[PDB]
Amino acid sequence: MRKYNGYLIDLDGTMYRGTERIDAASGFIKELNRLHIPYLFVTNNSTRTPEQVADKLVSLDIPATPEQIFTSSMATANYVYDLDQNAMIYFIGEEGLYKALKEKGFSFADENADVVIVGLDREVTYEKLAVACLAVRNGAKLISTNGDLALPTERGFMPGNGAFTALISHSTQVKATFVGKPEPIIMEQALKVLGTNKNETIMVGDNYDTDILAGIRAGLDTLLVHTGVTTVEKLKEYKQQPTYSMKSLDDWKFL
């Protein structure tokens, strides 16, 4: 008789920035656990495995198993698998994306691939990018895990997944299908794993333009936390708003 019986919890934005937010997240998640409400954590990150992320969350007293971590790379592998499990895959990416594809038992190919998946590869080369262009020109579907153009690091803003997709898309004149937030495909793929009904599931996060917009577009109700007067006013001027805006996870009642 709860309105919401499944929760999709964003891992990105500024959700866990600082001790107060970490503690609020710990409390919130522990309560979902006590109430036996199913949840999944959702992220665009492609530099950490589900095991690594779960291990980090548990270290922060936030209950999570690797099976509760759902990445855009997993979403992309799963989305492609359900459309064609016999597609030959060429991908650009790192271990998280390779693991996600391994899990689906794909065959892999280079210039004659059926599907080209572009993820972040911090060891990409001209040849890796060329093979993607040649396979697209041979008719492969072009799929991108994420659309980020730059990535914040300790050195500064480094090239992101989206910048490599743009290279391939410009060179081949073929548009990519993007999976990760703020696109909705990652959220439908998360709902598959969570198992709850769209109208009984809520996405919780604290970034609108990248993260919560994905839930809105996917048809899910959304809770945007860490809001303030100016941000609530700003969203009122946009086409779409979160279902609920609050200051803190501590304010949420389990409706």
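In this text, residue numbers run from 1 along the sequence as written.
According to the PDB record, 44 to 52 carries the higher mean C-alpha B-factor of the two stretches 215 to 223 and 44 to 52.
For the pair 154 to 162 and 140 to 148, the mean Cα B-factor is higher in 154 to 162. Across 69, 186, 57, 203, the greatest Cα temperature factor reported in the deposited entry is at 57. When the modelled residues of the chain are ordered by C-alpha B-factor, residue 103 sits in the middle third.
In this PDB entry, the Cα temperature factor of residue 9 sits in the bottom third of its chain's modelled residues, the lowest group. Among the modelled residues of its chain, residue 190 has a C-alpha B-factor that falls in the lowest third according to the deposited record. Per-chain ranking of the deposited C-alpha B factor places residue 110 in the middle third. Sort the chain's modelled residues by C-alpha temperature factor and residue 82 lands in the lowest third, per the entry.
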